[PDB]
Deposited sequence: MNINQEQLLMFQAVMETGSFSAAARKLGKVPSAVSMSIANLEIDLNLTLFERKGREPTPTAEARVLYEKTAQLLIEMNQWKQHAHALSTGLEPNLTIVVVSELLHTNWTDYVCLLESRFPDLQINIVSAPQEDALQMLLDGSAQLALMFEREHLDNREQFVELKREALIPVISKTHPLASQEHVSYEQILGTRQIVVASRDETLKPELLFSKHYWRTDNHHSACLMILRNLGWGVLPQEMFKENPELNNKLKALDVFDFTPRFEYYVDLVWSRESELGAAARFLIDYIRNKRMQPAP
């Protein structure tokens, strides 16, 4: 017996292992395979059956979902970047600084710099921010997992002209797929908690 969960790339460096530990303790024989993919590929994996569950942020008639949690993100820059020497920054300065963007396409309202690089996960983005290649938005969870990031990265104070950066994480599945007892248990467990 086995269970494949696809975590969308942008949610990899958030906090999802509690659900795996829950499943392992209740189903100690279960092989649990954790894969990652972009949103669009993860959806197709649910529909063609290669994954039973998906962790997604912001679907059609054929999926169901239950809400999991909010994940906060933080705009950051390297402490040794020239822009980091200032208490405050203007929009004009952000406009002229390279943004490291995590996606894939690109929603223009989450783009604030004229020039930008695209990467598909936050680890790659964090590495390039640490090399002073630009600024970007990283999950707060990464500073829990790696406290030394606080010594290297500083929060950009950018909030007066940017939206609150956050993910609303849902547990998603295909209505017309066959869910094993393990997947069903997890869905019942969460629903039962939410009330």
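Undergrad: So which bits of the deposited sequence did not make it into the model?
TA: Counting from residue 1, the stretches without coordinates are 1 to 92, 151 to 153, 200 to 202, 294 to 297.
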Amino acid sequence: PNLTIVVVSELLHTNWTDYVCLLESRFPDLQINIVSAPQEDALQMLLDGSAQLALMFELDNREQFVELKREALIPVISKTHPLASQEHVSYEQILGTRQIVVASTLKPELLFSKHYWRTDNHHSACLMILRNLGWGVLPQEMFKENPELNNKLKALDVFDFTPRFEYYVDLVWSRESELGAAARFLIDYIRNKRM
From here on, numbers count along this sequence of modelled residues.
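Undergrad: Do the C-alpha atoms of 16 to 24 or of 174 to 182 have the higher average B factor in the entry?
TA: If you average the C-alpha B-factors of 174 to 182 and of 16 to 24, the larger mean comes out for 174 to 182.
Undergrad: Which is higher in the entry, the mean Cα B factor of 135 to 143 or that of 25 to 33?
TA: Between 135 to 143 and 25 to 33, it is 25 to 33 that shows the higher mean C-alpha B-factor.
Undergrad: With respect to the C-alpha temperature factors reported in the PDB entry, which of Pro108, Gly96, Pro75, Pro82 ranks highest?
TA: Going by the entry's C-alpha B-factors, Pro108 comes out highest.
Undergrad: Tell me, please, which of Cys126, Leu153, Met45, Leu55 has the highest C-alpha B factor according to the deposited entry?
TA: Spelled out: the listed residue with the top C-alpha B-factor is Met45.
Undergrad: Could you place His115 in the lowest, middle or highest third of its chain by Cα temperature factor, using the values in the record?
TA: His115: CA B-factor falls in the middle third of its chain.
Undergrad: Considering only modelled residues of the same chain, in which third does the CA B-factor of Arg164 rank: lowest, middle or highest?
TA: Lowest third - that is where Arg164 ends up once the chain's C-alpha B-factors are sorted.
Undergrad: According to the PDB entry, is the CA B factor of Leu130 in the bottom, middle or top third of its chain, that is, lowest, middle or highest?
TA: It falls in the bottom third of the chain.
Undergrad: Quick check for you: using the entry's CA B-factors within this chain, is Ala51 in the lowest, middle or highest third?
TA: Within its chain, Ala51 is a lowest-third residue by C-alpha B-factor, going by the deposited values.
Undergrad: In terms of the CA temperature factor given in the entry, to which third of its chain does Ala103 belong: lowest, middle or highest?
TA: Highest third.
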